[PDB]
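Report on the structure given below.
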Amino acid sequence: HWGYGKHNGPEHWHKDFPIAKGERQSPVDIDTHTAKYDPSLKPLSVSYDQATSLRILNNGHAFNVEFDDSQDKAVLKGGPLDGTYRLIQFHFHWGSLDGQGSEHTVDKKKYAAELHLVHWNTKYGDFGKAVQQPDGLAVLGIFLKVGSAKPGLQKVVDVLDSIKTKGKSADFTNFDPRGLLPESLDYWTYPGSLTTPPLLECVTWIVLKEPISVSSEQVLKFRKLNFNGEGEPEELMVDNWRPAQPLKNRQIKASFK
Ligand code: NA
Ligand SMILES: [Zn+2]
């Protein structure tokens, strides 16, 4: 019954998921002046040319665009990562107004939304086994600010009418996630967790420094989605973000000088 409301939101999650108070929880605030440049970090290799999207699903918390991860098509490697991580899905977190919505913050700044491209380490064979490992996942996080429209996002925006409520899905083939990337791949990285229950501490976070711009109209359509199922009282899907969590004994590294 976890969600984002007063009675089931982030402040309650620890009761069913005690790791919510663990040692490597996400998201965090990125304090830009103390994130040291690490010249040993490699350029990020984002290889999405062969990505096969399949479907888009409203899961009652966000919407997921799902990919065929049965072969090494769309993969992330390099950067802080050892080996190869396969893209399984992407989703967003966003706010009720433009001044909040992101999960990570940058010098306490909240962006209007945040895109998460979720990948699993192929050395573990399946996603379910990967989430039993401290290096099982790599999530590429990209901030969204409101300004000019993002052309590569419009196909997502236009299908949302068909998945308004929890449990609805639609065929979503031939979507190219390269259209959601900014120009620069400069990033910050740190070890963390899933930002929704079960909050598992599996994730190498890679957060890009450069936001993408989306239009007010694009994010307004996100905010017309529903957390509820069909036939139930309408609860707009907004403010589906977890606030920043204590950094504890971690360092955030920058890929850029
Ligand atoms: Na530091
Ligand atoms: Zn997420």
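Residue names in the structure tokens use chain letters A, B, ... in the order shown, residue numbers from 1 in each chain, and ligand numbers from 1 in the order shown.
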What are the closest atom pairs, with distances in Å to one decimal, for all residues of chain A lying within 7 Å of ligand 2? Consider only C-alpha atoms and all ligand atoms, order rows by chain and residue number, and present the result as JSON lines.
{"residue": "A:91", "atom": "CA", "partner": "ligand 2", "partner_atom_place_in_ligand_line": "1 (Zn)", "distance": 6.2}
{"residue": "A:92", "atom": "CA", "partner": "ligand 2", "partner_atom_place_in_ligand_line": "1 (Zn)", "distance": 6.0}
{"residue": "A:93", "atom": "CA", "partner": "ligand 2", "partner_atom_place_in_ligand_line": "1 (Zn)", "distance": 6.3}
{"residue": "A:115", "atom": "CA", "partner": "ligand 2", "partner_atom_place_in_ligand_line": "1 (Zn)", "distance": 7.0}
{"residue": "A:116", "atom": "CA", "partner": "ligand 2", "partner_atom_place_in_ligand_line": "1 (Zn)", "distance": 5.0}
{"residue": "A:195", "atom": "CA", "partner": "ligand 2", "partner_atom_place_in_ligand_line": "1 (Zn)", "distance": 6.0}
Preceding selection exported with N, CA and C atoms as a compact mmCIF listing (two decimals), in the first residue's frame:
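The resulting selection-v3.txt:
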# COMPACT_ATOMS: atom_id res chain seq x y z
N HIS A 91 11.50 5.48 -16.70
CA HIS A 91 10.34 6.14 -16.13
C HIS A 91 10.80 7.52 -15.66
N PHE A 92 9.84 8.32 -15.20
CA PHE A 92 10.10 9.64 -14.67
C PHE A 92 9.50 9.79 -13.28
N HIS A 93 9.99 10.81 -12.58
CA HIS A 93 9.38 11.36 -11.38
C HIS A 93 9.16 12.84 -11.64
N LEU A 115 14.30 11.82 -15.18
CA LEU A 115 14.20 10.60 -15.96
C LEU A 115 15.20 9.59 -15.41
N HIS A 116 14.75 8.35 -15.24
CA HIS A 116 15.58 7.23 -14.80
C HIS A 116 15.57 6.15 -15.86
N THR A 195 14.81 4.16 -5.50
CA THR A 195 14.14 5.25 -4.80
C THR A 195 12.67 4.96 -4.49
For this session: Fewer than 2 positions away in the same chain doesn't count, so skip those; otherwise give me all residues within 7 Å of stretch 224-233 of chain A, counting only C-alpha atoms, as a ChimeraX atom specification.
Result: /A:60-61,164-167,220-222,235-237
For this session: Based on DSSP run over this structure's backbone, return all residues of stretch 8-182 of chain A in helix (DSSP H, G or I), as a ChimeraX atom specification.
Result: /A:13-15,18-21,122-124,127-130,151-163,177-180
Exercise. Looking at only C-alpha atoms, which of A:78, A:10, A:43, A:5 is the one that sits closest to residue A:256?
Worked result: A:43
Exercise. Which is closest to residue A:157 among A:106, A:65, A:207, A:194, if we use only C-alpha atoms?
Worked result: A:65
Could you produce a table of the residues of chain A lying within 7 Å of ligand 1, with the nearest pair of atoms per residue and their separation in Å rounded to one decimal, using only C-alpha atoms and all ligand atoms, ordered by chain and increasing residue number, as CSV?
residue,atom,partner,partner_atom_place_in_ligand_line,distance
A:34,CA,ligand 1,1 (Na),4.6
A:35,CA,ligand 1,1 (Na),4.4
A:36,CA,ligand 1,1 (Na),5.2
A:251,CA,ligand 1,1 (Na),4.8
A:252,CA,ligand 1,1 (Na),5.6
A:253,CA,ligand 1,1 (Na),6.7
Exercise. Excluding same-chain residues fewer than 5 positions from residue A:154, what lies within 10 Å of it counting only C-alpha atoms, as a ChimeraX atom specification?
Worked result: /A:149,159,179,214-215,218
For this session: Compare A:151, A:134, A:141, A:3 by their minimum atom-to-atom distance to residue A:102, counting only C-alpha atoms, and give me the closest one.
Result: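 Checking each candidate against residue A:102, we get A:141 as the closest.
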For this session: Give the answer as one residue: which of A:160, A:170, A:146, A:28 has the shortest atom-to-atom distance to residue A:53, using only C-alpha atoms?
Result: A:170
Problem set entry | Which residue of A:77, A:108, A:14, A:55 approaches residue A:174 most closely, using only C-alpha atoms | A:55
Exercise. For residue A:112, which residue among A:196, A:96, A:45, A:71 is the nearest when counting only C-alpha atoms?
Worked result: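 Checking each candidate against residue A:112, we get A:96 as the closest.
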I need the residues of stretch 112-250 of chain A that end up classed as strand (DSSP E or B) by DSSP on the backbone, written out as a tab-separated table (two decimals) with C-alpha atoms, in the first residue's frame.
chain	number	residue	atom	x	y	z
A	113	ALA	CA	11.24	16.15	-13.21
A	114	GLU	CA	13.84	13.41	-13.42
A	115	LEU	CA	14.20	10.60	-15.96
A	116	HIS	CA	15.58	7.23	-14.80
A	117	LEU	CA	16.97	4.78	-17.36
A	118	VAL	CA	17.27	1.50	-15.44
A	119	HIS	CA	19.89	-1.11	-16.33
A	120	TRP	CA	20.94	-4.45	-14.83
A	121	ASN	CA	24.37	-6.08	-14.69
A	137	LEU	CA	21.95	-2.08	-11.21
A	138	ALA	CA	23.00	1.15	-12.89
A	139	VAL	CA	20.49	3.97	-13.19
A	140	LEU	CA	21.19	6.89	-15.52
A	141	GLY	CA	19.38	9.94	-14.15
A	142	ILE	CA	18.61	12.99	-16.27
A	143	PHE	CA	17.04	16.19	-14.98
A	144	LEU	CA	14.17	17.92	-16.79
A	145	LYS	CA	13.61	21.67	-16.75
A	146	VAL	CA	10.69	23.48	-18.36
A	169	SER	CA	-0.68	-0.51	-20.78
A	170	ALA	CA	-0.24	0.16	-24.49
A	171	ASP	CA	2.02	-1.17	-27.21
A	187	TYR	CA	28.03	13.11	-14.82
A	188	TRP	CA	28.18	12.63	-11.08
A	189	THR	CA	28.24	9.12	-9.62
A	190	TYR	CA	27.73	7.53	-6.21
A	191	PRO	CA	26.52	4.19	-4.75
A	192	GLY	CA	22.85	4.14	-3.75
A	203	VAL	CA	22.44	0.88	-7.68
A	204	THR	CA	25.42	2.67	-9.15
A	205	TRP	CA	23.86	6.08	-9.78
A	206	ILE	CA	25.04	8.08	-12.79
A	207	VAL	CA	23.39	11.53	-12.79
A	208	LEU	CA	24.00	13.74	-15.82
A	212	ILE	CA	17.04	18.31	-20.89
A	213	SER	CA	14.39	20.92	-21.62
A	214	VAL	CA	10.73	19.92	-22.00
A	226	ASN	CA	-3.81	9.03	-12.39
A	236	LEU	CA	-3.64	12.96	-10.10
Exercise. If you measure from atom CA of residue A:67 to atom CA of residue A:41, what distance in Å do you get, rounded to one decimal?
Worked result: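 Between these atoms lies a distance of 27.8 Å.
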